[PDB]
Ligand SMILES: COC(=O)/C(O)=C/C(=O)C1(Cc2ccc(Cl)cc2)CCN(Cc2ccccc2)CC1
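Just the one chain here, laid out as structure tokens, in the form deposited without the ligand.
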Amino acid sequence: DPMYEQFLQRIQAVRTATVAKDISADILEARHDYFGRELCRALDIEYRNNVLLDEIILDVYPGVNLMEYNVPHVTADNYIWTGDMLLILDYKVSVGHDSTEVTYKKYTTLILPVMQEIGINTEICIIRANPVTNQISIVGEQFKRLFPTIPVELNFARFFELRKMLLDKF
């Protein structure tokens, strides 16, 4: 694994806590993006990582005049356009629920009123992989309708190994 190799080299060279904390955050971000890619492959949807809300709206509603709607500058991992409803996608890889509750509050407060003014049915969807158990949790009723089964095959072992290696240096 080329990414694994880069991380191992960073872990070998690291000597301070600030850099060590940066490596760990980079491992988690790589694991998050790994899950996002595998999730999009399993659902047969286009993979994106980070898209702006105004770009989503311009994608699904090409003739929109954005200025009329006070569209905040806000990023999400991905979206699904069904032809009649917009699903905002956030991927998570976590054993807890807290980051889901923070993100859900943020997107429901920032995205849903704009889309309501536009008149486009929208749902905030958070798909979370537990990295310890490999269980998938979904927030988002219409997402669970469209995707009752998620044939993801996930292996987080490489990320656990790198984090353990970094932690074994303390």
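The first residue of the shown sequence is 1; numbering continues from there.
Beyond the structure shown, there is the form solved in complex with the ligand, which is absent from this document and is the topic of what follows.
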Inset, instruction - Report whether all of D54, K105 and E123 sit within 4.5 Å of the ligand in the deposited complex, measuring from non-hydrogen atoms. - result: no
Inset, instruction - Using a 4.5 Å heavy atom cut-off, indicate which stretch of 59-67, 23-31, 37-45, 133-141 touches the ligand in the deposited complex. - result: 23-31
Inset, instruction - Although the ligand is absent from this view, report whether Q116 comes within 4.5 Å of it in the deposited complex, heavy atoms only. - result: no
Legend entry - Proximity of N50 to the ligand in the deposited complex, heavy atoms at 4.5 Å: yes
Inset, instruction - Mark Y91 yes when one of its heavy atoms lies within 4.5 Å of a heavy atom of the ligand in the deposited complex, and no otherwise. - result: yes
